[PDB]
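What follows is a short report on a single structure.
Whatever order the structure lists them in is the order used to number ligands and atoms, beginning at 1. Only this structure's heavy atoms are used, side chains among them; waters, hydrogens and symmetry mates stay out. By convention in this document, chain letters (A, B, ...) are assigned in the order of the sequence lines, proteins followed by strands, and residues within each chain are numbered from 1.
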Amino acid sequence: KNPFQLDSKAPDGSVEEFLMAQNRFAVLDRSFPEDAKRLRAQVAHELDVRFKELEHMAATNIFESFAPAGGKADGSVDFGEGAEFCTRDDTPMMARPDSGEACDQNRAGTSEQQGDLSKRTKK
Amino acid sequence: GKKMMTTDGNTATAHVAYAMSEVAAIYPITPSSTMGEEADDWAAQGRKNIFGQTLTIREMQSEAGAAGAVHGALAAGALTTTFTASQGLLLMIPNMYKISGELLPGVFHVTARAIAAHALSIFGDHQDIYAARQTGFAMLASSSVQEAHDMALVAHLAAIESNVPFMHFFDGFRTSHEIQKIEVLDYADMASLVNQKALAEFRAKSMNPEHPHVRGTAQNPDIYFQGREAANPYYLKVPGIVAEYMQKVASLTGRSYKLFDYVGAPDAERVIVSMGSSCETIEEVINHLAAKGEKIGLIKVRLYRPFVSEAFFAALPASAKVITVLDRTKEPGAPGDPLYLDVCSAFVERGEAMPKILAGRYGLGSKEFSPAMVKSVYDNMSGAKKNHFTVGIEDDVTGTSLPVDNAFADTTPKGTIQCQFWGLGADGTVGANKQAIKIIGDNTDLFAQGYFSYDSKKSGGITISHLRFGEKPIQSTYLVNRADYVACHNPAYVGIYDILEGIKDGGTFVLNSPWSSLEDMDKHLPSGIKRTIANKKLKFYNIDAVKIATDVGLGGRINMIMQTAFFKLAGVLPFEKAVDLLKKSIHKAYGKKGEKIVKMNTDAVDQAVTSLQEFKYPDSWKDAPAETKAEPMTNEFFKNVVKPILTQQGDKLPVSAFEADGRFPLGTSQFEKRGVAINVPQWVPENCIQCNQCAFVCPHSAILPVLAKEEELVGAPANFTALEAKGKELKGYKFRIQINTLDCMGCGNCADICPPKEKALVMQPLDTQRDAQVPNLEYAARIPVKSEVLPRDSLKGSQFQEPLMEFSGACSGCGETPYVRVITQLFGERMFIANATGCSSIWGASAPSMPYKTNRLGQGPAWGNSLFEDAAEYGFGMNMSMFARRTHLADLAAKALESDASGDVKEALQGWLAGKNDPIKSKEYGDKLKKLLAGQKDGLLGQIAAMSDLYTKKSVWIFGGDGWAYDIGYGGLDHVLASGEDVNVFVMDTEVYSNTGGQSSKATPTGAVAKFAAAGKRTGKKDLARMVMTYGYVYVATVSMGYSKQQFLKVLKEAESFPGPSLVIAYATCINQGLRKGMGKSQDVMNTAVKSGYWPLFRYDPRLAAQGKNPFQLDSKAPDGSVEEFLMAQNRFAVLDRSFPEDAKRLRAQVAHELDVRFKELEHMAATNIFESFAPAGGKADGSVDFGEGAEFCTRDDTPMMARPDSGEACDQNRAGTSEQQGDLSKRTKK
Amino acid sequence: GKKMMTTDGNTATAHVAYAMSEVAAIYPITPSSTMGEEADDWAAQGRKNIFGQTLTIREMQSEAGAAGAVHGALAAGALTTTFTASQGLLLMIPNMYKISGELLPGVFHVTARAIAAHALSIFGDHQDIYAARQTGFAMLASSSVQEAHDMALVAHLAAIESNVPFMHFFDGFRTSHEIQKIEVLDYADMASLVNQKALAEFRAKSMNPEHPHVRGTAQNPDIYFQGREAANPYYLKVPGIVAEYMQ
Amino acid sequence: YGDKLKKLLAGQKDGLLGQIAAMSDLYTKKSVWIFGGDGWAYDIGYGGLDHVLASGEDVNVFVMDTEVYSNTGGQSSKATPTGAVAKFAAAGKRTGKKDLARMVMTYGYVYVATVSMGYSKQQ
Amino acid sequence: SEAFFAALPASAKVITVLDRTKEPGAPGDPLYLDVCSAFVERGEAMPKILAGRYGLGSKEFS
Ligand SMILES: CC(=O)c1sc(CCOP(=O)(O)OP(=O)(O)O)c(C)[n+]1Cc1cnc(C)nc1N
Ligand SMILES: CC(=O)c1sc(CCOP(=O)(O)OP(=O)(O)O)c(C)[n+]1Cc1cnc(C)nc1N
Ligand code: SF4
Ligand code: SF4
Ligand code: SF4
Ligand SMILES: [Ca+2]
Ligand SMILES: [Mg+2]
Ligand SMILES: [Mg+2]
């Protein structure tokens, strides 16, 4: 089922009275009447759009699964375990107790390129 | 009981921390990362703590988050620990006050690292731990790997009994990454030492709704001071508790400690007080010198907080007449560093004898602190007695340094074998050195020590191993400077580095090279080396490690041969045992895939032992002909500063060589020319379709397209082949794809993507290419770049622009640098870069290699690294500066328009004001102004003329990785984008904390394997793009070079031109992801990332809504079904499949499901008809009004928090009800 | 000229800070809030600083954000200031090392407030300013409403000429909120005390693509220590400079 | 079941049962709540709030949105709406309210809701 | 320190350094530690130095 549910209804048109009933809004109307008029209209439009977007969310049939947890099971593995090329650099930042073992550091090109160079330079 | 073990300071302390803790909140930071990672690994393997439980570990979004979680965990009654350093410890400070203030038994294990000031440093010193000395945490220092283990245990036990949190610390790298054979206790023994009554008291006083209490109250002046002093009893007792546990632990281990310990002559007259790993080297020197009659000693500081002066004096010989206190930090402006001030206080309070006390600074950022330096310190006490000195550097600026005599005799105990190994990154030298340390330590009574110096270069970097083996304890916490055995595993080093420096007489020198014949050696081996080998009668051995490896089938892989060389010639073990042990271990390790890969190594050993014969050299080497100096031309700065640094001589540069503020100039990497690629591309002009994709894609700017006119090719070398230029606009020009073979890293991305079947680029060995291309690139570099020919932001055209970020220390095939290189080609000359700490800042600016450069006109990115957590705000600040200063400029312009300035000037000003924020017009008129106002120094036109670097519209960019953007700096990123100001954020998503060693980030995808997500991350990838899109006024887009270079460029232009905030998220391949066919497949992987639907490309452009059109546009097509092969082609996913096939199948199916859903969501977004569209901006107008002006009721409270200068007027405070209720009561009461 | 006015420590300080700064990144925290709010109201009212410009002020998400913004503004050549205390000051510490480390003329005005330990307190003491004593910022104290005005000015003038960031502080409430009849200087008088050459030099060395440089490098053991000691000549001149401006 | 263990184990001091008896304040499942204002949730504490919600653990965040930093004196926050007057928004805030709710809903596995007592006590 | 001493009367026999903070476990608070170091480096007269804590959280200092 759709996880999103709308519990209130579309703007009933009383927003202007709502704002003007609070000094945080009204005080602007008394000091910068032109800007205030503009901003209260901007608020009205912002909410109009938002509500419309919430209505789509509520009417959509597109949403994803859910599961509290589970799976993992004992054990972990290093991301570099059995990789074909180095997964760490020559930096002291990536240095670790178990690092230091030789690997393909990508300075000889791709596997395929390396393979083809072998084929061509065979001798 | 006990157990022997060879490990580093990190695992030594993590070993105890895991046992003594139930919870751990962590965050990765070098050099402490190892601890948290081991804790995670052990918990996953099933290791139990003293309570029989596996540790509950969690990675937070930052260290501030970990500190808060640690506080909560402790408050809620769970023993808790954390690991951190430097910048991280700083973020924990606010919570430290709370954790100690609330008397919680927490324990922080800190690898002391330098704090970033004039520069960032990951190396060790005590700046960080001293920054927290006032938080109320007890502080216990350990000075050796074995001490790290012991003090970690004392800290925990003492924290539990005392109720005072503890910070156990040890020196970054010098102690944290040094390997030593030590002894560790079983968890059961640790458990037996725990005070059970205290543990139960902790549990009972903790937060719990069954018996609640209130904590974290807000207090007024009447009681705060009393409440702050009520913990005194606890701090008075902690010292005795620490001593008690030092004693209990000693009865189990045999190693005793005191809050302050003394070593040396009991009648010493000159004493040193120090803390940390320096104490080990100091003691070693005391043994040597005292044996010659010198009356010197050392007081080792264990418990630094609380500072118990009585224990200090218990360790001070009454005979001491001069005392030098060593501080491993710098507090600018303080009358002295912390330890020094603490000691001084002890003497004044004692009020008796006052010996001469001197203060000394050493070891900042892991600066060497060697025996010679210790000698300097001791000599100073009997000589000049210079005060507030520095040692380890040459301070020729203020003259605070002690001179250091490097002829000082070797002081390692009798019978110590010292080794040095010069390797090349990824040649397995370090891993071989570590094996030899385990092998030797496990099979002898010898003490072993290993330490490793790495390179700032991530690829093809040089490594230097320092190993010591001996019959006596190894206290040498400094590099080996007089080696018995020196091995140079890379022949390229022979002619460029001072490899035989300090090697002893009759010492053994092993070299890996194909110079078997005396004529070959004479041919390649330089004179200095020959004279050194000859004059010191060195046992010189040469061995074609590459030929044997190939011959036995190991395919040129030299680790085993050089390993055999060590075991055979180092002389720490007898031939027999060594070869035996080495082999037994070869079957031990390996042995996995048949005895075929076992035989090759066994064989490689046998063959190595045979080929390992003492090369014989003619006595004429004694005075070989000193060669010349065939060194090319470069800058004075590259000659005097960076060259010296790149060749391991930075330690000799005095203070005078550096800028007070730490700045460096751009383009110093232009001259490095390392030439470490094994294979480089070869241009085949017959097959070239002149598309420029190869140059666009290069992670290192190694490809230089050339567009010349006949006349420019005149002196062109014969082999400077050029095609007639294809393209209507290029009619008449000659085209060429010039390969820069020395700067190439040989990743193969260019060749891999070159369009035509009959490739125009083919990888060939560096040798087959350099002689021809070195002179060619050098000729081409002098050919003017044709930037005016084609559109700057067109695929082909962009490559005809000057790249302003070249030859960085990024890994070969790095997925971040191509993006950055292109961005500079489009805005480079007018951009600011606020770079978050991370790979981009590391390849971006690791001294002394500076990859960002200026163009032919001297313009280039103004680049800066503030911190890891504040890049967005840092760039926002740069944007504030430009706004302020360019507004000042605009105001002067407007004023000047109303003066008698000439019509020309006025016309230019009017033009600039009108095009002020337009890159084209602001530059056009600004350029007229530089001309017109040239020379003007008086009045208004003068000020305006002096502000020319502000004329053209600048481009502020914020560069950062995913860890920065989705985690630690997300709050700042979110606030900056929400500001609506004109900044550009470019996020290089590598889907992990790359630079620090592949730790998971909220950007890490479901099922991906990474540190702290080693069973595959179990939460989907955070959707930063969709979160930012909810704003409606921020331009948001995603890109992937491999999929579309055009969409990338389109995004770049649309984001930068957006007059608001822009966020661009790019798919960045990285070595941590483990691309199965190499990093040269990066472009193809980027391509697949998009096609598979794994990484959809889109753009959210607010200005489209401003015109009735949908701001959201999808740029890629629905998932094509290839995700499974896309994931299986990366080890970060493939490993999980091989280890947990069941859950891995499930996790990969979940990814395919998530992306399918997400693509469908993006689809309705593009199909929608609803979107934010009102007015562009408008408004302002001078004036301010207070939200409380004219309110009918009080709008502020009676609190001190809301009190303001103008507050205090009478008002209706809502205690009589509504206006109506009061009205009605008025009517009802009439009267 | 001089001007007699009755106000509190906060306003006496903000009066100077506004005049001597071009940019300010702020975040609210008692008892320093008054200063930022004042600087904001004045800017919105069109008050001009010594450059005849109204102040560019923005509110960040936290003090850490504020401190990062301050660092960036300074790095990019603007005279910058911020107002904070206690918990906020602590979050600015990481950036304080960077700001003093790159020798930037920043000025922090702090109303010294207690740090939250066994409890939170919005009241005054030096717990917060002492927590930042190793960051490399010069630290100048004022002990009265009148001194708050004078030291604030000395702090700004001295930061510009010395290139060492300054932390001007006074007691939370006890001074920040005490009201006294004092004398403040006109903006013109302050402007005449400014070292025009140091100022031009600060702007010439700042970040700019027209003449770039790299700042905030990552350094190894080979050179970090020398690099950290390179600023000594600047700290050596600070005392003399403060004394000169006090005079 | 926890209450039954309190009676059945009352007095137990030894071994396993004793250890279990001493852990009764852990028997009942607890409800972990995080309280804070909009300034905390939308600004300074946002990054930690975001990280903790993304963790998937069982915690409850309750945000009392006053659309300003109230305690400190009415300073604007990212939760402050368009046109509202507040300190640092002296001419009415010129950017709209940050949509914290829709941002958090993008995870899909976090429960998100908005309330308003005056409109519906039941909701 | 030079400026500190230029302000200290040569007659001073006892000096009390008042710190308005508390660093738990420190051998002394910041100003006190700084003053102590001043006397130690001078090497001359050593008057009695006393450390005192006051005014935390706006506590009256009357
Ligand atoms: C040098 C330094 O201390 C780095 S490098 C950076 C890696 C971040 O990765 P991101 O995904 O943002 O970028 P990437 O490397 O390209 O993957 C971290 C964790 N830090 C360590 C760290 C931790 N915590 C804090 C406050 N500061 C720092 N500097
Ligand atoms: C008392 C204390 O120091 C408070 S009261 C609080 C206001 C928070 O507002 P919010 O909207 O989240 O909640 P509200 O009050 O219910 O509106 C602030 C900014 N702080 C000051 C502050 C500033 N900066 C920092 C790091 N810490 C603190 N404690
Ligand atoms: S192989 Fe890689 S580093 Fe070399 S030119 Fe090609 S893209 Fe650049
Ligand atoms: S990618 Fe190939 S075809 Fe294109 S310009 Fe480069 S060498 Fe020529
Ligand atoms: S992002 Fe990855 S590939 Fe690039 S420099 Fe960093 S570790 Fe290397
Ligand atoms: Ca933009
Ligand atoms: Mg990353
Ligand atoms: Mg609020």
Side-chain angles (χ1 to χ4, degrees), chain A residues 85-91 93-94 105-106, chain B residues 456-459 681-700 703-706 723 726 735-739 745 747 749-762 795-796 799 808-820 838-844 846 961-963 988-998 1045 1068-1075 1079 1082-1083, chain C residues 28, chain D residues 36-43 63-80 86:
Chain A
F85 298 73
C86 307
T87 47
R88 296 185 157 76
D89 59 21
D90 300 334
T91 284
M93 291 157 264
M94 290 202 200
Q105 197 174 52
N106 284 289
Chain B
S456 278
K457 306 293 175 186
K458 295 168 163 284
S459 175
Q682 177 189 197
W683 192 47
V684 184
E686 310 88 67
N687 293 135
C688 185
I689 72 183
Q690 318 187 191
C691 68
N692 273 352
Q693 290 194 49
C694 46
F696 196 95
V697 164
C698 185
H700 286 84
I703 296 182
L704 173 62
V706 179
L723 313 164
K726 283 181 177 177
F735 180 74
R736 175 175 179 71
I737 286 308
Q738 181 56 250
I739 306 304
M745 298 297 303
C747 71
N749 264 289
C750 53
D752 186 68
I753 61 77
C754 182
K757 306 159 298 186
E758 317 304 302
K759 292 291 181 177
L761 289 173
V762 185
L795 203 183
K796 195 172 183 179
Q799 297 316 300
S808 77
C811 307
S812 187
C814 178
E816 314 186 320
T817 49
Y819 293 100
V820 174
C839 266
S840 51
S841 68
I842 294 306
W843 50 253
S846 297
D962 56 297
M988 292 160 277
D989 197 339
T990 62
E991 311 203 312
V992 289
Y993 286 94
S994 297
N995 191 66
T996 41
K1045 297 177 191 57
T1069 51
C1070 175
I1071 62 177
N1072 288 173
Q1073 300 159 351
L1075 307 210
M1079 285 299 278
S1082 285
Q1083 293 298 323
Chain D
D38 52 292
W40 161 67
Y42 291 65
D43 287 351
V63 184
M64 294 157 271
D65 196 336
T66 59
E67 309 209 301
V68 288
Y69 288 84
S70 294
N71 189 72
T72 37
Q75 297 78 194
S76 162
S77 78
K78 280 196 302 294
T80 295

Problem - B/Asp752 vs B/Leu761, side-chain contact (heavy atoms from CB on, under 4.5 Å): CA-CA, chis, key distance, verdict - result: CA-CA 8 Å; B/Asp752 186 68; B/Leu761 289 173; over 6 Å; no

Fill in the blank from the handout: For B/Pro755, the atoms of ligand 4 under 4.0 Å from one of its heavy atoms are 1 (S)

Problem - ligand 5 versus B/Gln1073: contacting region, heavy-atom distance under 4.0 Å - result: neither

Handout entry: Distance filter under 4.0 Å to B/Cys811 heavy atoms, resulting ligand 5 atoms
Key = 3 (S), 5 (S), 7 (S), 8 (Fe)

Exercise for the section: Kindly indicate whether the side chain of B/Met988, heavy atoms from C-beta on, has any atom under 4.5 Å from the side chain of B/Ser840. Expected result: yes

Exercise for the section: Answer yes or no: is there a donor N or O on one side and an acceptor on the other, between the side chain of A/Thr87 and the main chain of B/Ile1071, under 3.5 Å? Expected result: no

Problem - pair B/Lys457-A/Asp90: side-chain heavy atoms closer than 4.5 Å - result: no

Practice task
Go through the steps to decide whether B/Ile753 and B/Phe696 satisfy the test side-chain contact (heavy atoms from CB on, under 4.5 Å), and finish with yes or no.
Solution key: CA-CA 11 Å; B/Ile753 61 77; B/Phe696 196 95; over 6 Å; no

Problem - Interfacing atoms of ligand 4 (cut-off 4.0 Å, heavy-atom, B/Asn692) - result: 4 (Fe), 5 (S)

Exercise for the section: Using a strict 4.0 Å cut-off to heavy atoms of B/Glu816, name the atoms of ligand 5 that fall inside it. Expected result: 1 (S)

Practice task
Check ligand 4 against B/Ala760 and write out every atom of the ligand that is under 4.0 Å from a heavy-atom position of the residue.
Solution key: 2 (Fe), 7 (S)

Handout entry: Metal proximity, B/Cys754 vs atom 4 (Fe) of ligand 4, N/O/S cut-off 2.8 Å
Key = no

Completion exercise
Looking only at protein heavy atoms, what sits closest to atom 3 (S) of ligand 4 is B/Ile689 N, 3.3 Å

Exercise for the section: Given side-chain contact (heavy atoms from CB on, under 4.5 Å), test B/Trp683 with B/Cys694 step by step and report yes or no. Expected result: CA-CA 10 Å; B/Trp683 192 47; B/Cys694 46; over 6 Å; no

Handout entry: Check: D/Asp38/D/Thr66 side-chain N/O donor and acceptor closer than 3.5 Å
Key = yes

Handout entry: Part of B/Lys458 with heavy atoms under 4.0 Å of ligand 5, whether side chain, backbone, both or neither
Key = side chain

Practice task
Could you tell me whether atom 8 (Fe) of ligand 4 has an N, O or S atom of B/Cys691 under 2.8 Å away?
Solution key: no

Problem - B/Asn1072 touching ligand 5 at heavy-atom level, < 4.0 angstrom - result: no

Practice task
Under 4.0 Å from a heavy atom of B/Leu761: give me the atoms of ligand 4 that qualify, with their elements.
Solution key: 7 (S)

Exercise for the section: Answer with yes or no whether A/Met94 contacts ligand 5, where contact means a heavy atom under 4.0 Å from a ligand atom. Expected result: yes

Practice task
Give a yes or no answer on whether the side chain of A/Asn106 reaches the backbone of B/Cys811 with a donor-acceptor pair at less than 3.5 Å.
Solution key: no

Problem - Which segment of B/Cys1070 sits under 4.0 Å of ligand 5 when only heavy atoms are counted - result: both

Exercise for the section: Answer whether the closest heavy-atom distance between the side chains of A/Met94 and B/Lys458 falls below 4.5 Å. Expected result: yes

Problem - Polar side-chain atom of B/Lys1045 near backbone of B/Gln693 as donor-acceptor pair, under 3.5 Å - result: no

Fill in the blank from the handout: shortest atom 4 (Fe) of ligand 5-to-protein heavy-atom contact is with B/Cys814 SG, 2.3 Å

Handout entry: Enumerated ligand 4 atoms positioned under 4.0 Å from heavy atoms of B/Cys688
Key = 3 (S), 5 (S), 7 (S), 8 (Fe)

Exercise for the section: Run the numbers on B/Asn1072 and B/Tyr993 for side-chain contact (heavy atoms from CB on, under 4.5 Å), then give the verdict. Expected result: CA-CA 9 Å; B/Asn1072 288 173; B/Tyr993 286 94; over 6 Å; no

Problem - Residue, atom name and distance, where the atom is the protein heavy atom closest to atom 6 (Fe) of ligand 4 - result: B/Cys694 SG, 2.3 Å

